[PDB]
Structures are given as structure tokens and as C-alpha cells.
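See below for the structure under consideration.
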Amino acid sequence: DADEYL
Amino acid sequence: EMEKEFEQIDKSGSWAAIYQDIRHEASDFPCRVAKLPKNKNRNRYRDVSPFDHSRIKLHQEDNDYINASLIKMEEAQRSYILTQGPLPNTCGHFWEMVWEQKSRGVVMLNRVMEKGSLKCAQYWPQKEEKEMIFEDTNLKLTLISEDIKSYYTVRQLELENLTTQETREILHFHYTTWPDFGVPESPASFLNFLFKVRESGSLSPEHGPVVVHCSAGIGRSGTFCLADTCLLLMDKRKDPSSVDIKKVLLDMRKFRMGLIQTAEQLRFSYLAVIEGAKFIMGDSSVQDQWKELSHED
């Protein structure tokens, strides 16, 4: 959803 | 008994559950350096950090940080460096890690672009004539040759430490066919890719650890490493039946967090080891019986 990752 | 477990789990559809239990039991160690504000830009993902204890320290007195972890499988007798796909400002660090760790092979399990987005920078030269110079680290990188096969590309790169006038040949193993979503339907191509990596001597203890990366350096890189280590232990132990992929996985998570990101990647690794073991365990008829499977001309 946001740039990083999980 | 791993064949058992695979069938037993699939029939029952407990992959998420088996997986989630591994997430729950996963080790957890501090990632102090990784979270330092000056290293925010060296981390492709804020939620994917190397533990302090197994992180790779760059040999620069500057800032020794790189999002890279040393996975040392004691019993399997193999070490891997799992790292994120280099960011645009960490490509020199990556090659500096490669250089200082004496790595012979770099294993890329991803594509620079995946799901419409950049999962890793173009950290190697696509053209023989356009070498890359990493000015920050003072390394020169030249594409010598490449061998594009249907599911992977083996590149022969020449890394030059410009400081010492010393040059090394780095084999780049690029599995190019991992799908954007899910895993390969068959472990055939991955396993054959694994065996060429092995065959090249890149994983031998005579070299530094192989540098394995994907985008975050945990999911597909974890698959590669888990599968390869489980294959090492089976075809090493008194009984191959004794290798427990979950315990292997958990020992690997002691060194880097989140290895294997989905229950499908965990299932893909069980597939990979199950199939990889059959071919090596005793089919005297073959060794690499991945003809049609991986196709090959």
C-alpha cells in the first residue's frame, strides 16, 4: 500500500 | 517425511497456517544500524532490515551499512549473502560488498521491473561497450558476455577495483522468468537454474558467499537459499528423510528476517526440494532430468 514492502 | 507433509498439507489446505506458525516462531533480533536515520536511504524497504548480528559490514570507514545479511548454514556448510536489489545510490555499495566478500556469483531472482514497478536498480551494464564506474566506491563493472537461456541469463561480468588495479570475474545468475504474481507452477526451471549456479562453482566454500537478491532480498532469495540448503542436507545426511524444511527455514530466519514471504513461496520451496531431491537422491537414469520441463534448445 505504502512504498515499503510487507 | 517430506513427501508426506506436502500431500498432507495440500489435501488439508493448511499452507497459510503452516506458514503463519513459522512467522510466529521466527527469531527476532535488533536491527539497530539499519534503522539509523543516516541509513534510511540505503534501505529499499523500511520494514525489511538486516539484523545487526549478521549484517554485512562494508569495509569503508565512512558508513559500513548495506541492507545485506550473512546467512551461515553451519550444518549445510554454506553461506549466502541475502540482500535487497540495489537502489540507485547503493549500487556502488553492492559491488563493494561483492568485492570485499570475495563473492564469485551474484544470483538475481527478480527483474528490474515487476508488477509495473522497479524492484531493483540496473546495477550491472547491459552493454559490453557501456561499462559502469561506481565513483563513490571506485569500482569498474564491465559486461564481458551473457548467455540468455529461456528461464535464466548467465552473465560474465568483470569487476575492477580501480584503487588496486585488480580484476575479478563475477558470474551473474539472473532467473528472468519468475512471474509477477505467485510462484512458478513447477520447480523445474528454478531447480535447473539452481544447479547451474552450483555447477559454476559460485557456491563453493573457496569463494566468498554467493550474493543472492530479489527486491527485498527475503522472499525469492529465501526460496533459493532454503531449497539449496535443504538439498545440501538431504544429499549429505544418513537419511535425506530427516531434513525438515521448516527448521531449515527457521535457522535461516535467525540470520535475516522474513525469508520466504508467502505461504505459496513456502509451498514452492517444498515443491523445489521435493522435486530436486528426487532427481539427485537416486535416479541413476538422470541427474538433470529437466529437459522438456525447462525446455532448452
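Here are a few things to note about the model shown:
- Once the Cβ-Cβ distance of residue B:180 and residue B:238 is raised to the sixth power relative to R0 = 51 Å, the FRET efficiency obtained is 0.80.
- Compared with the dominant Cα axis of chain B, that is its longest principal axis, helix B:220-234 is turned about 60°.
- 3J(HN,Hα) along region B:70-84: 8, 9, 9, 8, 3, 5, 5, 6, 8, 10, 9, 10, 9, 8, 6 Hz, from the Karplus curve 6.51 cos²θ - 1.76 cosθ + 1.60 with θ = phi - 60°, whole Hz, x for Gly and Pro.
- Given B:115/B:254; B:236/B:278; B:149/B:196, the pairs whose alpha carbons are separated by over 20 Å: B:115/B:254
- Once the chain from residue B:247 to residue B:168 is taken as fully extended at 0.36 nm per residue, the excess over their C-alpha distance is 24.8 nm.
- When +1 charges are put on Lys and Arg Cβ atoms and -1 charges on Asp and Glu Cβ atoms, the dipole computed for the protein assembly as shown relative to its Cα centre reaches about 680 debye.
- Calculated from backbone phi, Karplus (6.51, -1.76, 1.60) coupling profile of region B:189-204 in Hz, x at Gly/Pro: 5, 4, 4, 6, 5, 3, 5, 5, 4, 4, 5, 5, x, 4, 8, 5
- Largest GNM mean-square fluctuation among B:253, B:155, B:198, using chain B with Cα springs under 10 Å: B:198.
- Dipole in debye (nearest 20) - region B:97-223, about Cα centre, beta carbon charges: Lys, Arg +1; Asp, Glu -1: 420
- Kirkwood Rh in Å, taken over the protein assembly as shown so that all alpha-carbon pairs contribute: 19.6
- Average beta-carbon neighbours from other chains, 10 Å sphere, peptide B:38-49: 2
- With only the Cα atoms considered, region B:22-143 has a convex hull volume of 140 Å³ per residue.
- Evaluated at q = 0.11, 0.17, 0.20, 0.24 Å⁻¹: base-10 log I(q)/I(0), Debye formula over Cα of region B:1-88: -0.47, -0.85, -0.99, -1.17
- Taken as Cα centroids, region B:40-76 and region B:113-135 sit 21 Å apart, rounded to the nearest whole angstrom.
- Taking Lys and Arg as +1 and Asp and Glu as -1, the other residues whose beta-carbon sits under 10 Å from that of residue B:71 total +4.
- Rounded to 10°, Cα long-axis angle of helix B:15-25 versus longest principal axis of chain B: 60
- Shape metrics for region B:158-263, restricted to C-alpha atoms - Rg then Dmax, Å: 15.6, 50
- Looking at the protein assembly as shown alone, DSSP beta bridges between its own residues are antiparallel in about 75 percent of cases.
- Between helix B:91-100 and chain B: long-axis angle, C-alpha atoms, 0 to 90°, nearest 10: 80
- Cβ-based charge dipole, chain B, positive-most Cα from B:167, B:26, B:269: B:26
- Amide H partners (placed H, <5 Å) of residue B:134, local residues excluded: B:139, B:140, B:141
- Interatomic Cα distance distribution for chain B, bins of 5 angstrom, percent: 1, 5, 12, 17, 19, 17, 13, 8, 5, 2, 1, 0
- Its relative contact order, with pairs defined as Cα atoms under 8 Å and 6+ residues apart, puts region B:97-236 at 30 percent.
- Taking amide H as placed 1.01 Å from N in the peptide plane, residue B:64 has no amide H partner under 5 Å among residues 5 or more places away or on another chain.
- All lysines inside 20 Å of residue B:38 as judged from Cα atoms, apart from same-chain residues fewer than 8 positions distant: B:57
- Across chain B, C-alpha contacts under 8 Å between residues 6 or more apart give a mean separation that, scaled by the residue count, equals a relative contact order of 23 percent.
- Relative contact order for region B:1-135: 15 percent, from Cα pairs under 8 Å spaced at least 6 residues apart, divided by residue count.
- Simple point charges give the picture: +1 on the Cβ of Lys and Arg, -1 on the Cβ of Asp and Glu, and for chain B a dipole about the Cα centre of about 900 debye.
- Each residue of region B:125-135 was assigned a 3J(HN,Hα) from its phi angle through the Karplus expression (A = 6.51, B = -1.76, C = 1.60, θ = phi - 60°), giving x, 7, 10, 3, 6, 10, 5, 10, 10, 9, 6 Hz with x at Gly and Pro.
- Amide H within-cut-off set for residue B:73, under 5 Å, with H built and near neighbours excluded: B:78, B:79, B:80
The numbers here are math on the coordinates, done by the rules we state, and not lab data. Quick reminder, even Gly has a Cβ in these numbers, built from the backbone with ideal geometry, and neighbours come from all protein chains shown.
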